[PDB]
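Chemist: Attaching a single structure in structure tokens format; questions to follow.
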Amino acid sequence: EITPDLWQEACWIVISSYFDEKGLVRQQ
Amino acid sequence: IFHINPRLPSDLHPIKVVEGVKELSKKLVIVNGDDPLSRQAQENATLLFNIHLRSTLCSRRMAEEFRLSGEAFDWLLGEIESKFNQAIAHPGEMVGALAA
Amino acid sequence: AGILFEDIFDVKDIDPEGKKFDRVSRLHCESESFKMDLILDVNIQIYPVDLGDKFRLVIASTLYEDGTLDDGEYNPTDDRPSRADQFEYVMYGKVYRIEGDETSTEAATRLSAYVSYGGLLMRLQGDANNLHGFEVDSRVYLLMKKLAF
Amino acid sequence: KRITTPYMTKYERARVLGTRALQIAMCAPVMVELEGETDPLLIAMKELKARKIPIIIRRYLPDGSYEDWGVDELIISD
Amino acid sequence: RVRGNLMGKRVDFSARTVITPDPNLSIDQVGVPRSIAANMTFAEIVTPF
Amino acid sequence: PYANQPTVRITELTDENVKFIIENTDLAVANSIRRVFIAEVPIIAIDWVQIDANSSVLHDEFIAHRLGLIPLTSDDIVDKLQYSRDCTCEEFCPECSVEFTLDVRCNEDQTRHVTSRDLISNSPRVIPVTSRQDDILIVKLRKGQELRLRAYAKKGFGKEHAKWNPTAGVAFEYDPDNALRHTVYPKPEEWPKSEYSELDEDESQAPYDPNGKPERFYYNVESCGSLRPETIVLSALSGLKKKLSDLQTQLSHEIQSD
Amino acid sequence: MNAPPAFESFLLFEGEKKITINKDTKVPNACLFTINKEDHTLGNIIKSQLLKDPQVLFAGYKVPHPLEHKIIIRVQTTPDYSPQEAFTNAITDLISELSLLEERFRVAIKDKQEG
Amino acid sequence: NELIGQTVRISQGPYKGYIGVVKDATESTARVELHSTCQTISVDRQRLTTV
Amino acid sequence: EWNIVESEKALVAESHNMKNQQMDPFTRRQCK
Amino acid sequence: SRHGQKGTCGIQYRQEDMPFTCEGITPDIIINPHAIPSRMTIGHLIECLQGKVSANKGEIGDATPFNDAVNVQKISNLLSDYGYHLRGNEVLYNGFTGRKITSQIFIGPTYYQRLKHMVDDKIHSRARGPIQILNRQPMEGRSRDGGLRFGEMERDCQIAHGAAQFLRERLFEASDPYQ
Amino acid sequence: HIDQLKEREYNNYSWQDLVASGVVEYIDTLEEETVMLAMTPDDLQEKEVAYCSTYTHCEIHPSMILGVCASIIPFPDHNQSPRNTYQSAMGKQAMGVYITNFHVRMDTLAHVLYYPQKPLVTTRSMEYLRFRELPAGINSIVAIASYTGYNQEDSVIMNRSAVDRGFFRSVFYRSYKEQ
Amino acid sequence: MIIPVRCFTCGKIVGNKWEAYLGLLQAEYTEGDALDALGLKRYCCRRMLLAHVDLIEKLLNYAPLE
Amino acid sequence: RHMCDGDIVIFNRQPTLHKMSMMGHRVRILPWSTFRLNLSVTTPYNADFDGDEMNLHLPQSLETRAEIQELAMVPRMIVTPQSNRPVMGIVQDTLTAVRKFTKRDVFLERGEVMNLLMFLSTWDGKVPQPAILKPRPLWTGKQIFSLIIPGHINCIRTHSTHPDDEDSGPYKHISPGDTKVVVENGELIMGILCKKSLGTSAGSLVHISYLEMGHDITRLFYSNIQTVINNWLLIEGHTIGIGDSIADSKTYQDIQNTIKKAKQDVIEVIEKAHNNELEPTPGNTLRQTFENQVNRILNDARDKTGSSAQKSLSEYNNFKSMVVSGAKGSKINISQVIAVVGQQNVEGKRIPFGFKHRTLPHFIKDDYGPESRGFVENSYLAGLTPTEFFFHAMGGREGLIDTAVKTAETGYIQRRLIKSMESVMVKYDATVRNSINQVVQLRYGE
Amino acid sequence: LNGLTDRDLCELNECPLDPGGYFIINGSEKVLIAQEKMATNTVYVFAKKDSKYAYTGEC
Amino acid sequence: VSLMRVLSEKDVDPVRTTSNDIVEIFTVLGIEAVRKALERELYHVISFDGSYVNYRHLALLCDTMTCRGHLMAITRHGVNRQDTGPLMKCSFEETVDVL
Amino acid sequence: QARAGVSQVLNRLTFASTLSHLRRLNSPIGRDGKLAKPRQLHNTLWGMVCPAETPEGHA
RNA sequence: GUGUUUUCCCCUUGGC
Ligand SMILES: [Mg+2]
Ligand SMILES: [Zn+2]
Ligand SMILES: [Zn+2]
């Protein structure tokens, strides 16, 4: 189902997973 | 300084104001000399201050507004000249460096 | 002597302009035998007054009951007979203005003697004969005291 | 017929005081009573107030003329 | 020469430090650190004084 | 023209802190006492560290610094020892110092914690507080790292370096209800009641007391353990009284010598 | 690096006097006591003890510069009373205060125990 | 001079127990480079003892 | 993990009413 | 600090001299109020307030910028629960005299940084040190033990002074005196 | 997606699965010309009187506009912008621990703080910056008071006794190389 | 790096509490109840343990020998 | 010999912009490793202790020592010839504290007066008769400040909050709010002091002190002010905190209502333009008319909200106290902190459409509405929305750019002038000539 | 160091937090700063005032 | 700007109409009107921000810029044309060229 | 004749400096170029480039 | 008893 607000937790599980996959210097 | 109390009648004679200011105008010399060209330029260089001086040290404003005594007026004139002569540009002053 | 002025007074307003300060209030007061007017700032924190408070106000040239002029320095340690010993609120200040209705030809009928008590201001305003004791730039003491009536 | 200002300009005062203080530091005879000080600049300043500095000031006019002014003749300002 | 070596020059008897406030100095006083003072010198003529 | 007569009540006394109230007295006296608690009670702290072998991940100044801050149980001996600056002996001696040794090597896989439990005094009475809870960590060591050093502790004021400050925190408070209005709240109702507030829960601050003086001073002297908390106070009173006696001696000599 | 060593706040240098009275000239019966290697701890209690003396017309203390370890205490008394003895009695009685407080504290300690 | 470049202990006065190396010494005073602080003090040479 | 538990319980605690103030301690756009 | 407030340590006061709350919490860093009003680094004030909440609450506050779950009033509400003034102000006592300071002081934990710019890396002085080889003027820079540049603009500032003797000494006798 | 991604590693889900599930999309500044970009769902897509109701994309979190040194600022939305810039500057100078193998580095200049601390208030973003592992600074009990005036024009009064305890004490390593 | 021996602000020994702190957190005390149970009252002492980053545990990953 | 206490040094801040940037100072040797200077003097140097460094120059000869001492010593440099007013004021927290101190309701016990008088250098040793004798002896801040004012200065000033309708009505010479500073015989009779009376303004009390008494007595004046007032500020204290930035909920409701009306009014102006009903202002394009209308509406909004914020602040508010002393900040800063940060301009215009017809992808094409173009409607206490945070950054970047750009050109502007005019000077003829001796002015300044 | 575990990186005396992304040239960590440029292959139309050209289609 | 033609217009005020352009005023009204105009423009730029500078410094600048009867630009092109002497012009610009 | 400073010594001063030096972009536009428009924070840097992290110097 | 020496250009970064 959709995120019924309470969305801050979800929003930083994303991002967290991004920086797990792509550490800060990935562009180099 | 002289504790004027501008509520008693003052002892400063009107013509002592007139003639004191006249004589003071003589001592505030900017362009020194007795030459007509130099009296003219002294009169010009000290024209606005002389107008101001004659417009605040009037016989009437002294009587009705300032109420200066004779001792206070003599002190005043001596102060005016002693301060004006300090205001004169010192010869040697690097005034163009100041302007810049 | 050095008693410049005295009258019965009562407070008829306080801080009409609103309370500009917290320990100081404007008192607007009226005299009773002379019906002069007074605007006085008191340290409303150590000497509280209310509207309708009646008080003796004795503005004096010197505190000493023998009338000897003080030097204007604070000393304590002194036995001498002092007017303060029979008041409740005493201030010391500099008369800094004497306005009046002077015309060009004939004198003022009324004066307003302005006094600054170290910055706490007073204006005493009324018929000139009661203010003849005031001259600008002179030291004076307020010596006021509430009448219990 | 000296026409310049009769007042010691602040430049003439700075130079006169520094020059006289130098001369004092080189053991020149003092022209004023020493009440017990030892700095040559303090002495030079006292001498200036006593108008006893043995220095004259040659003021060049822009025409290249000059006027000589003692240090007791012109009116010290400060 | 004219600008970098003549109109302006590096000079002896000069010091540079971080300035810090000191409300206990007069407006005409600068407080300076003892190491600077012990470095910079003033040639002072000797006199019986 | 003379002194006031101070009086004391202890409200709580633990082995960690004293709470007490001084009455009468004067604000200046009470605050100077507070200062002496902080800055001029002497204690023993490590102030000399000869490092013989250090291969911890902390450099020697860091080790030495940490040893400085370890409090020592100088509850008595601090009043015996001289200041080393004043002792007449060429090195440290047991009459002006306490020697400490630390000799630890991590000859095992488990990360050895070097702690104050490893500081071995030459005097069973001047020992690190946590030896008489857990011990103060000085370093964690990996296998094959070592730290051998000997240190001396000496008497010093908290005024010289904070290592010698005996207090954890001196609570100091007076006029709990602001009867003096020495503090002037813009909104007296936003402020919680002091621990010592005598007011009810209705009114916010005590009515202004014009002739009042600050005349009860509420203390909480928490020790860091180097002295017992009541000993901090008695030692500060002794120290301040001694400062004043010394000042008076120098004064009497300056007077009689004029 | 050009740091004072921390002992400079309380250790006198060789030749420094602790206290050094100086007659003030501006007004009669006024001195300036210049205590070296002292601070607000010793200067404020003396100042406030002097204000309890009724014969003391003025009493105050200042620290001219916090980076310098020196206080000035200016005392003015009534002509029948030198500030030398004002300062002396302000210390004598302040010692009597602290000693009484110490005794009362020592007893109050052992009276909190079992009391 | 005979006591320059040696490790010395300050045995007297305020710096009692400080260890340093004599960077310089006159007959009256050494300059001692203190081991602990980032500072070189001047100290009356009788206060020093060679270690 | 205990932080994730604490966050999820705080999330359900975000359901409580009156946890915000009318004195505009923050504002957000909502145009058109 | 994290909010572009920057400043040199202007003096250090021992714990006895710093002001103190009811408990003996003296500040670690006292910064002048005038740093704030022209700069409006209110993030600094809110950091201090929520840091004081965090330190009492006993866990790390969130300061993610656009988080409308956080606001000053909500923090003040929390801070008031620990028995502090809700706006972070406290009554401090003057360390010197012990008198309460009449203004209650805004005090609380704030994250300070120490920057690489230490003063002992910057202090520099010269009195006849090494000289350049080409033009016999002082070398440039502290590392070289150089002399400060008495530049053009200083020349102008001394002309304006009319300080010709000090201009001659700076631009000659104290730089490259030669014959 | 959130539940799967919360158990990540335990299920070896990853961000790449969010990408490969058509859930998140890399937009680039020229395609950003043509997105209609909500800023959070609950703000912008809820049935207010509609602004557009045609959002194609939504910001993941708006603080992700900040870079590395700017996202260490707490409450940067409560600061004047030049001050966030000055922090982004000074944050590159704050002494900390710059890397944990610093004992092996022979860097020419290194500053290592003795007791660097984790901020008592953090952005969430500085999780990923790994700031709580290599922090640069100390949470200090700041007081914003004028006090003695030695903190006046952009200056700070420090606690000397805190410094005696190691407050912001740092070490400076200078490496000299010669062959 | 390692835990400071004394709370910078006040003076309370906090250098003997870090391992205790972590052990109490491992008992799953909440983060402020660990501090309440160690005895840290002032927020100045609490920010010593809350804020402390124990980097020495990472420095000890590097081998001098073995 | 080494430099020692009392040595004369020139002391410089390397942007040596004007004559007062290289004043001479007496050295005092102090322990730690910094230059230390007194804070009236930062304004001449444009110094601030953010990490500024200043250059000390030790003149090496009696002839140059004395020259500096008589020509450049700081007290000689108080009044600038550039604008004939003091370059040094009372500044920073001394100025806030002196405002607080000279309020009417500031009363000091003898224990606090006699402690403050210890910090006056020029005090004659006689304790003034307290303003109030009976109850307990209480002096007044102005009565202590009357001892600091040297000599017999006379000046009149209006405190910053002086209501302009006060000199008309009654109470003209007995001011309700203790505005109207009057000094008479060197005695503060009335009025709160602020930058208007102690700052750098022409005719300020420090200016009168310089023209009337020496440069030396003015030097003592600046020192005594800082030294008494900073030691009273250890009693009074001064702070700033969140409580100083919060406002009443009624004030927030008024602010929000004002902004809502302004947003609605901008929406109505947009509607008027969209329908072509907006008649252009003469000379303006229709677009320039629309932009002027919107800028006026939003400036009026920011101003009305800023006023309603300021009108809420108590006399205790520490922004108000720093503002009305003139010590730091201004009413617009109070406004931005409490009410509304307002329109963010880049190059004087609203935020430009850097995307095709929109400012950010969150906005819809041709959204000319207020927030769509940079109007920050929150305050720094409320925090900025992310869009208006970015617009605020865009705007504040302009100041950082112009800071850099103003550096380079202006200094070039400033060398060329000096090289053109370096040798123009006043000769002993008392005429203003140049190197070649061509007469520029017959008298200096006519 | 690619994909190398934290244990091994510590064994290499490397930092597992170190990001990478830099070169070692004669012992110096050298980063290549990303250099901004006009996009290639894309037409752009500019007006260059102070020129004879009203408009210029660059590529 | 077309000052002379504008001043010529009927119902234009030839006494008060002015040009905000010191070069235009030079050609139309001459070097002394340039002195006055330049002084007023310079004062306008300086005082616009509310600041104040003494008149001595403005009069002195405008006098140096008009002392030789033409508009003496404050540039190498302007101040090195002045016959000051080579060691002063090299200090400024064109250093070796003037030498 | 080439570009300059494309390759700068990694800023090891502090970890946020290392991380930001690695994520640093650089416009080749001339400094001492007086133009403001290439220095201004363009609307299009949203989410791409930090609106706050720029050198306050000439760059 | 012998004692102060001794590099530069260029680029980059940073400070007010
Ligand atoms: Mg600065
Ligand atoms: Zn011994
Ligand atoms: Zn603590």
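To be explicit about the labels: the chains of the structure tokens are called A, B, and onward in the order shown, and within each one the residues are counted from 1, while ligands get numbers from 1 in the order they are shown.
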Pick out each residue of segment 15-71 of chain C that DSSP on the backbone tags as strand (DSSP E); I need them as a PyMOL selection string.

Modeler: chain C and resi 24-31+37-43+54-60

Chemist: Name the residues in contact with segment 27-44 of chain N at a cut-off of 12 Å, using only C-alpha atoms (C1' of nucleotides), excluding same-chain residues fewer than 2 positions from it; report them as a ChimeraX atom specification.

Modeler: /A:25,27-28 /K:30,105-108,177 /N:18-25,46-47,55-59 /P:3-12,18-29,38 /Q:12

Chemist: Give me, as an NGL selection string, the residues of chain K touching chain J, with the criterion being at most 6 Å (counting only C-alpha atoms).

Modeler: :K and (73-80 or 83 or 86-87 or 93-95 or 119-124 or 137-146 or 150-152 or 154-161)

Chemist: Tell me as number ranges by chain which residues belonging to chain Q come within 12 Å of chain K, counting only C-alpha atoms (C1' of nucleotides).

Modeler: Q: 13-15

Chemist: With N, CA and C atoms (P, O5', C5', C4', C3', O3' and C1' of nucleotides) kept, could you save the residues just selected as a PDB file, in the first residue's frame?

Modeler:
ATOM      1  P     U Q  13      42.601  27.036  -6.638  1.00  0.00           P
ATOM      2  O5'   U Q  13      42.855  26.733  -5.110  1.00  0.00           O
ATOM      3  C5'   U Q  13      42.465  25.497  -4.551  1.00  0.00           C
ATOM      4  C4'   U Q  13      43.028  25.343  -3.171  1.00  0.00           C
ATOM      5  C3'   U Q  13      42.508  26.334  -2.156  1.00  0.00           C
ATOM      6  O3'   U Q  13      41.204  26.048  -1.712  1.00  0.00           O
ATOM      7  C1'   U Q  13      44.827  26.214  -1.960  1.00  0.00           C
ATOM      8  P     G Q  14      40.199  27.253  -1.418  1.00  0.00           P
ATOM      9  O5'   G Q  14      40.835  27.925  -0.131  1.00  0.00           O
ATOM     10  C5'   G Q  14      40.755  27.273   1.116  1.00  0.00           C
ATOM     11  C4'   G Q  14      41.673  27.896   2.132  1.00  0.00           C
ATOM     12  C3'   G Q  14      41.343  29.301   2.592  1.00  0.00           C
ATOM     13  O3'   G Q  14      40.239  29.367   3.465  1.00  0.00           O
ATOM     14  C1'   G Q  14      43.622  29.190   2.138  1.00  0.00           C
ATOM     15  P     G Q  15      39.447  30.742   3.608  1.00  0.00           P
ATOM     16  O5'   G Q  15      40.451  31.634   4.441  1.00  0.00           O
ATOM     17  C5'   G Q  15      40.705  31.335   5.796  1.00  0.00           C
ATOM     18  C4'   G Q  15      41.605  32.372   6.394  1.00  0.00           C
ATOM     19  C3'   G Q  15      41.033  33.772   6.434  1.00  0.00           C
ATOM     20  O3'   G Q  15      40.061  33.968   7.433  1.00  0.00           O
ATOM     21  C1'   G Q  15      43.204  33.881   5.610  1.00  0.00           C
TER      22        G Q  15
END

Chemist: List every residue of chain G that has an atom at most 12 Å from any atom of chain E, and for each one report the closest atom pair and its distance in Å to one decimal, counting only C-alpha atoms, with rows sorted by chain and then by increasing residue number, as JSON lines.

Modeler:
{"residue": "G:1", "atom": "CA", "partner": "E:35", "partner_atom": "CA", "distance": 8.8}
{"residue": "G:2", "atom": "CA", "partner": "E:35", "partner_atom": "CA", "distance": 6.1}
{"residue": "G:3", "atom": "CA", "partner": "E:34", "partner_atom": "CA", "distance": 9.0}
{"residue": "G:4", "atom": "CA", "partner": "E:34", "partner_atom": "CA", "distance": 9.9}
{"residue": "G:62", "atom": "CA", "partner": "E:24", "partner_atom": "CA", "distance": 11.6}
{"residue": "G:63", "atom": "CA", "partner": "E:24", "partner_atom": "CA", "distance": 9.8}
{"residue": "G:64", "atom": "CA", "partner": "E:24", "partner_atom": "CA", "distance": 7.2}
{"residue": "G:65", "atom": "CA", "partner": "E:24", "partner_atom": "CA", "distance": 6.1}
{"residue": "G:66", "atom": "CA", "partner": "E:24", "partner_atom": "CA", "distance": 8.5}
{"residue": "G:67", "atom": "CA", "partner": "E:22", "partner_atom": "CA", "distance": 9.9}
{"residue": "G:68", "atom": "CA", "partner": "E:24", "partner_atom": "CA", "distance": 11.0}

Chemist: Compute the set of protein, DNA and RNA residues whose minimum atom distance to ligand 2 is at most 9 Å, using only C-alpha atoms (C1' of nucleotides) and all ligand atoms, and state it as a list in words.

Modeler: residues 81, 82, 83, 84, 85, 86, 87, 88, 89, 90, 91, 92, 93, 94, 95, 96 and 97 of chain F

Chemist: As a count of residues only, which residues of chain G does DSSP assign to helix (DSSP H, G or I)?

Modeler: 45

Chemist: Step by step, measure atom-to-atom distances between ligand 1 and each residue using only C-alpha atoms (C1' of nucleotides) and all ligand atoms, keep those at most 10 Å, then write them as a list in words.

Modeler: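 Checking only C-alpha atoms (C1' of nucleotides) and all ligand atoms against ligand 1 at 10 Å gives residues 6 and 7 of chain J; 153 and 154 of chain K; 46, 47, 48, 49, 50, 51, 52 and 53 of chain M; 15 and 16 of chain Q.
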
Chemist: Residues within 8 Å of ligand 3 should be enumerated using only C-alpha atoms (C1' of nucleotides) and all ligand atoms and returned as a list in words.

Modeler: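 Using only C-alpha atoms (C1' of nucleotides) and all ligand atoms, I find these residues within 8 Å of ligand 3: residues 168 and 169 of chain F; 25 of chain J; 6, 7, 8, 9, 10, 11, 12, 40, 42, 43, 44, 45, 46 and 48 of chain L.
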
Chemist: Just want the 10 Å neighbourhood of segment 26-34 of chain H, counted on only C-alpha atoms (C1' of nucleotides), with same-chain residues fewer than 3 positions away dropped. Output as a VMD selection string.

Modeler: chain H and resid 1 to 10 15 18 to 23 37 to 48

Chemist: Any idea what the distance is between atom CA of residue 98 of chain B and atom CA of residue 69 of chain M?

Modeler: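 It comes out at 19.6 Å.
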
Chemist: Considering only C-alpha atoms (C1' of nucleotides), return as a VMD selection string whatever protein or nucleic-acid residues lie within 7 Å of segment 67-73 of chain O, sequence-local ones (same chain, fewer than 4 positions apart) excluded.

Modeler: (chain M and resid 440) or (chain O and resid 31 63 77 to 79)

Chemist: Can you pull out the residues contacting residue 61 of chain D? Cut-off 8 Å, using only C-alpha atoms (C1' of nucleotides), and skip same-chain residues under 2 positions away; I want them as a list in words.

Modeler: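 The residues satisfying every condition are residues 59, 63, 64, 65, 66 and 67 of chain D; 427, 428 and 429 of chain M.
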
Chemist: Which residues are near segment 10-23 of chain D? Cut-off 10 Å, only C-alpha atoms (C1' of nucleotides), ignore same chain within fewer than 3 positions. Put them as a count of residues only.

Modeler: 47

Chemist: Please, what distance in Å, to one decimal, runs between atom CA of residue 1 of chain E and atom CA of residue 135 of chain J?

Modeler: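 Separation between atom CA of residue 1 of chain E and atom CA of residue 135 of chain J: 8.9 Å.
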
Chemist: Should the cut-off be 8 Å, what would the residue list for chain G against chain F look like, counting only C-alpha atoms, as JSON, numbers by chain?

Modeler: {"G": [6, 7, 9, 18, 19, 20, 21, 40, 41, 42, 44, 45, 48, 49, 52, 53, 54, 55, 84, 88, 89, 90, 91, 92, 93, 94, 95, 96, 97, 98, 99, 100, 101, 102, 104, 105, 106, 108, 109, 112]}

Chemist: As a list in words, please: the residues near residue 123 of chain C (cut-off 8 Å, only C-alpha atoms (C1' of nucleotides), same-chain neighbours under 6 positions excluded).

Modeler: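 Close residues of residue 123 of chain C: residues 38, 39, 40, 112, 113, 114 and 115 of chain C; 174 of chain M.
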